[PDB]
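fold the following.
(chains A, B and C)
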Amino acid sequence: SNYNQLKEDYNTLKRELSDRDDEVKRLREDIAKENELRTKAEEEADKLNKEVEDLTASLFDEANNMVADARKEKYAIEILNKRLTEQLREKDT
Amino acid sequence: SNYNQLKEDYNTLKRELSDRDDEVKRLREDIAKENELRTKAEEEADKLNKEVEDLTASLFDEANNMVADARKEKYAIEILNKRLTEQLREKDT
Amino acid sequence: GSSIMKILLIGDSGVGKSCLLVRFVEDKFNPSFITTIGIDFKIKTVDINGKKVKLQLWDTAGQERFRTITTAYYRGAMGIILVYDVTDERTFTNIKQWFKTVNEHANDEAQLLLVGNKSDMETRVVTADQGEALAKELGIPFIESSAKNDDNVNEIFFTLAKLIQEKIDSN
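Residues are numbered from 1 along each chain as shown, chains lettered A, B, ... in the order given. Let me share the structure:
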């Protein structure tokens, strides 16, 4: 009686556990699952910004070589101009 | 051996349950959180993919002027060169 | 300093998607990054029917790299020009495709436009009627031109402009 009741409450909770065990195996998958999403929405945003930063540098790096080139030429012309402006005194002198 | 071991075992199971049951109540809330994240994470990767253009726009817009402004400032000196070459073009003769 | 309009050019290489812009916009100073970056952006204030509107146009080399971004350009386009060369046939074919590619991301409230280009050389392996077919199948207007006459080039854009502008007045 008291013995038999015990023998069975043991059985009754032996189940409630087996069912707790289950609800865990579950929740543990639903999470490892929802972390895969959150993991992609990060894997994503990163890719983008890696580009956005890669663009930014490359663009600006290029623009500068251009601006550089323009100035390199603008220099040579300025030199040649110095010479002339000066040959314009050797024609007034 | 018998009744002893049983009541001991029952007390042991009894605990293991209170363990699993808490573990469950916790995973339940560990989702609620790991979810409030995938939520935000996914929004952001959006807010980003939206804003990109308008941003890369301004990047290009600035890079343009940079090379443009440079290039104009050269042109002008080219003009000058030509005109000085026209001033000393006359003087000579 | 007024009303903006986002426009972009969709199409393959060789099509002369670039040259059309160089030509559409009158600037010798503005640089070209499309050779190096694979992208190039250009503003051009234009008008018709007293409207101070500024056009923003993207030209891309499509190339993989920043595709993650060039892709964000469809998402914003207020109008987009699907372009093809009429001296190359494989050029024509893909248009149904690019069109599919546009419906995917292009917030379809976008003003599309078929554009038969390079009608210069007359290896014209395609005819004006052919192009107006797909255009009618797609439910979008059509035109042609050749940046070797500066003809219809400006039309190409002034067209899109009105179509867009009006699709804004029904609202």
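
what's the burial count for residue 31?
I'll assume chain A. 16 (other Cβ atoms under 10 Å in any protein chain shown). C-beta here means a position set from N, CA and C on the backbone, and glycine is covered the same way.

oops, chain C please
Counted with other Cβ under 10 Å, residues neighbouring residue C:31 total 23.

mind checking the SS state of it?
The three-state label given to residue C:31 by DSSP: H, G, I helix; E, B strand; the rest coil is coil.

hang on, it packs against residue B:65?
No - judged on Cβ atoms under 8 Å, residue C:31 makes no contact with residue B:65 at a distance of 9.7 Å.

got a list of what the residue nearest the centre of chain A touches?
Geometric centre of chain A, nearest residue: residue A:46, 2.1 Å, by Cα atoms, centre = their mean. For residue A:46, no contacting residues are found, by Cβ atoms under 8 Å, 6 or more residues apart in numbering or on different chains.

not including adjacent chain positions, what is the nearest residue to residue A:37?
residue B:38 (4.7 Å; Cβ to Cβ, 6 or more residues apart in numbering or on different chains).

again, but for residue C:66
Spatially, and ignoring its direct neighbours in sequence, residue C:66 is nearest to residue A:51 (5.0 Å; Cβ to Cβ, 6+ apart).

burial count for that neighbour?
Neighbours of residue A:51 using other Cβ under 10 Å come to 18.

residue C:89 too?
Counted with other Cβ under 10 Å, residue C:89 comes out at 11.

now do the contacts for it.
With contact set as Cβ under 8 Å, 6+ apart, residue C:89 has these partners: C:125, C:126.

may I ask which helix or strand encompasses residue A:39?
Here residue A:39 is covered by helix A:2-87, with elements defined by DSSP states H and E.

mind checking how far that helix is from the chain centre?
4 Å (Cα atoms, centre = their mean, to the nearest Å).

near chain A, which residues of chain C show up?
Within chain C, the residues that sit near chain A (Cβ under 8 Å from any Cβ of the partner chain) are C:31, C:33, C:36, C:37, C:39, C:65, C:66, C:68, C:69.

restricted to strands, list those residues.
The strands, defined by DSSP state E, take in residue C:39 from the residues of chain C next to chain A.

now residue C:1: which helix or strand?
Applying DSSP H and E, one finds residue C:1 in no helix or strand.

and the helix or strand containing residue C:99, what does it pack against?
Assigned by DSSP H and E, residue C:99 falls within helix C:95-105. Contact here means 3 or more Cβ pairs under 8 Å, 6 or more residues apart in numbering or on different chains; DSSP states H and E; on that basis helix C:95-105 packs against strand C:3-11, helix C:72-76, strand C:79-85, strand C:111-117, helix C:128-138.

residues making contact with that helix?
C:10-12, C:71, C:74-75, C:80, C:82, C:84, C:110, C:112, C:114, C:134, C:138.

helix, strand, or coil at residue C:15?
Residue C:15 - assigned by three-state DSSP - is coil.

tell me how many other residues crowd residue A:11.
11.

what do you get for residue C:90?
So residue C:90, with other Cβ under 10 Å, has 11 neighbours.

what's the helix or strand for it?
Element membership for residue C:90, per DSSP H and E: helix C:89-93.

residue C:41 and chain B: what is the separation?
4 Å (Cβ to the nearest Cβ, to the nearest Å).

and that residue, that's in a helix?
No - using three-state DSSP, the secondary structure at residue C:41 is strand, not a helix.

how far out from the middle of the chain is stretch C:43-58?
That offset, for stretch C:43-58, works out to 14 Å (Cα atoms, centre = their mean).

mind listing what's buried in it?
Neighbour counts over stretch C:43-58 (16 or more other Cβ atoms under 10 Å in any protein chain shown) mark C:43, C:44, C:46, C:53, C:55, C:56, C:57, C:58 as buried.

touching that stretch from outside, list them.
With Cβ under 8 Å, 6+ apart, stretch C:43-58 has contacts from B:57, B:61, C:1-9, C:21, C:24-25, C:39-42, C:70, C:73, C:157-158, C:161-162, C:165.

just stretch C:62-70 next, same as before
So stretch C:62-70 is contacted by A:47-48, A:51-52, A:54-55, B:52-53, B:56, C:12-13, C:37-39, C:58, C:60 (Cβ under 8 Å, 6+ apart).

let's see that with 10 Å instead.
By Cβ atoms under 10 Å, 6 or more residues apart in numbering or on different chains, the residues outside stretch C:62-70 that reach it are A:44, A:47-52, A:54-55, A:58, B:49, B:52-53, B:55-56, C:8, C:10-13, C:17, C:37-39, C:58-61, C:72, C:98.

quick one on the thing from earlier: could you dump the contacts of helix C:95-105 to CSV with neighbour count and distance to residue B:8?
Below are the contacts of helix C:95-105 laid out as CSV (neighbours: other Cβ atoms under 10 Å in any protein chain shown; distance: Cβ to Cβ, whole Å):
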residue, neighbour count, distance to residue B:8
C:10, 27, 76
C:11, 23, 80
C:12, 18, 79
C:71, 17, 66
C:74, 20, 70
C:75, 14, 67
C:80, 25, 77
C:82, 23, 79
C:84, 27, 84
C:110, 23, 75
C:112, 23, 79
C:114, 23, 84
C:134, 17, 83
C:138, 18, 80
